[PDB]
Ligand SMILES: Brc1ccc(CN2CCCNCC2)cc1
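For reference, the chain that follows is the form deposited without the ligand, supplied as structure tokens.
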């Protein structure tokens, strides 16, 4: 188990998300489904020239899994996934994101719902989650589990409990007052409202 400190600006962004009273929090689903869709476009494209890239699963889709017993909402995709390096870079540092631009925009009156246009929509998960676990498997690496309850640090460790072929699973450990996002009606309404045009199947699992 390795522990890392988020780059300062990312930590700052995360605190802002957790401490703000933004009302339209439902957009966290749109942002994660968007990320999944983009990850799916990637593997789809690479497979165009390297058919073997799909030996780890040819099906390209997105699964939404609510569990009221564990109070978690999980977003799963069979996209390109992330290597260990990808996890530490894409999720722990500004990297290619517009973190700085986004934080400055918020000070200038920008809206939180625009978070996705700055390449940091993942973090909106903290609008409704106290902790986020990310399990991912990329064709070029082994399976890994990333995790953070904010506070400035995150952990990464190899995940061997149950192989997933290829993709990313974002597990949202919901805040006590955000359980509405586990209700079928609520989830369906959100998907129809913000992700109706996604070019991949989105299946809502029944509990």
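Numbering follows the first chain given and starts at 1. If you superpose the two forms and keep the largest set of C-alpha atoms that fall within 1.5 Å, you have the rigid core.
This next part talks about the form solved in complex with the ligand, which is not shown.
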- Note on the structure: The residue to pick from 90, 113, 72, 133, given a Cα shift of 2 Å or more between the shown form and the other one after core fitting, is 90
- Message: At a change of 3 Å or more, would you call the C-alpha separation of residue 96 and residue 10 in the entry with it bound closer or farther than in the form supplied?
- Response: closer
- Note on the structure: Working note: in the entry with it bound the C-alpha atoms of residue 97 and residue 191, off by 3 Å or more, come farther
